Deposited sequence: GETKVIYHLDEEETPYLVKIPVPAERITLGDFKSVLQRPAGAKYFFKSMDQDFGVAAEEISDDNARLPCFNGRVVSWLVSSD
């Protein structure tokens, strides 16, 4: 289970969602399967569905744009 903190658009306080996939396999596909966000948002990270998400100490940090 990986903790993912994402800033939605530009809201003050971000969101924290736990994804039941250990951080070795944390994919954008998993992030989408969790969020189930209308299309088509873009994603950035702090550092494709098959590609993994960069996480240090089991924390993913991301940004979303509608």
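- What's missing from the model if you number the deposited sequence from 1? Absent from the structure are positions 1, 49-61, 81-82.
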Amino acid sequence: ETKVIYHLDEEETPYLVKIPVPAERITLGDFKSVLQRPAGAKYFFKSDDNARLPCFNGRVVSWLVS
From here on, numbers count along this sequence of modelled residues.
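Requested in this report: Name the higher of the two by mean Cα B-factor in the PDB entry, 37-45 versus 23-31.
Outcome: Going by the record's values, the stretch with the higher mean is 37-45.
I need to verify one thing: averaged over C-alpha atoms only, is the B-factor higher for 54-62 or for 5-13? Taking the mean B-factor of the alpha carbons in each, 54-62 is higher.
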